[PDB]
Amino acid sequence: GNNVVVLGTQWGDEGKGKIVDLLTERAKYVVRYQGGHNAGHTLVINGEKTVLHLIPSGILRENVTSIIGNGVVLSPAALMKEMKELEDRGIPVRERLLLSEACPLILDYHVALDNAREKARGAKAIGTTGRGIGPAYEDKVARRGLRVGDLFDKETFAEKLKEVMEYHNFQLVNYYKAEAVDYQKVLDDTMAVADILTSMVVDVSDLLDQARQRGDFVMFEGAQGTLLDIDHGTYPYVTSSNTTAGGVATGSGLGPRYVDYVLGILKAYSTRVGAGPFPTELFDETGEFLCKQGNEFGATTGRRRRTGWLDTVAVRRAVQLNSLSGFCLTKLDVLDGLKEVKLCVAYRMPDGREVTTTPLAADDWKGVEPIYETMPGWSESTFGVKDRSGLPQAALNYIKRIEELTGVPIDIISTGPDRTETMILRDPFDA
């Protein structure tokens, strides 16, 4: 179909960046619809590495116009940082990036608050990325937050900012006993780049409506993952935006009836960064092996990611929540050499029940134990393989099994971090 959504079906870091960069070869637009610079992606073209955060993963292609929808919480500082980085490398961001006037702005006091609140929580700290996402979403929802559209009137923005900062500073110093964040500093920093920012502003809703009528291939790119969703994730150990497919319409302005194919990025094993339930988490040698072989360290905070087996019970939650059309299995190559691979097929509740559905809030996950199916692993190298025939039968079985257990076809298989090390069995666009 024309409108294809690409999002994470686990806890983020499944390989969205690469897959979006690969697939956008036929796309006209690429849209970020939620999150902020909390995300981190690594694209790799012929060995050249690119780490993105706020900017969409279709920025390396000139034929594509990258858009960051209203659902995104925009950090002026963060954007500029990535802009210069990409520009010095020959990628003209200003020319291929459009942004929404509705996008809320992430200013310094948000990071201060984020750190403050995270400290206050103490032992039950969420383990947030420390980029001010939560507080940004908060001001938005409260209706006191600033959006890109405010910047258009430098006078009143300065005024509006003045009061909001008084507001936050009061609690920052009084309640949290933390240092105040200087207004003038925020005003100067922000004013220093306003003209650049405002130049990329477009009416993205109306635009996507127009693109739709023309039949333009559009790709929506999700940040984070399903189980990190504000409503449906392992609350409160989640991010403050709807990471699920429903965030596409709220976060871009496109009517929900116009989603043709939701491609779910599924990693061959699981990882999670930050606090929260993780039924299949491995603390043993295999965990170390997985972490090591998959270079599992957060591309935004550098933090070592928690690792574990693929959880089909949890993945099945992503299926229904996102209305998955197909899966893209990433990192199959990381399992090379394992004597055996296991996939969680059911949960054993703390009261004795065997269930194949997921608990909601984090608390209700507390004594939940995983029930596995153990399949033989494979010694053969699958790295860089671009054809199923190069895959050992075990790997093929592992693949068939996942499809069986989920009811969703694995339409794409990734065998390496490079754009070309992939197998496209069915293209979301012409399917």
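Residue indices: 1-based, along the sequence shown.
- In this crystal structure, the stretch out of 398-406 and 375-383 whose C-alpha atoms carry the higher mean B factor is 375-383.
- For the segment pair 311-319 and 110-118, the entry gives 110-118 the higher mean B-factor, averaged over Cα atoms.
- In the PDB entry, the Cα temperature factor peaks, among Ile126, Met200, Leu324, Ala178, at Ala178.
- Across the residues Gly251, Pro359, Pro279, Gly287, the deposited record lists the maximum Cα B factor for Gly287.
- Annotation for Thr9: CA B-factor lies in the lowest third of the chain's modelled residues.
- Annotation for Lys140: C-alpha temperature factor in the lowest third relative to the rest of the modelled chain, per the entry.
- Per the deposited record, the Cα B-factor of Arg306 falls in the middle third when ranked against the other modelled residues of its chain.
- Ranked by Cα temperature factor within the chain, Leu391 sits in the highest third according to the deposited record.
- The entry lists a Cα temperature factor for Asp229 that places it in the lowest third of the chain's modelled residues.
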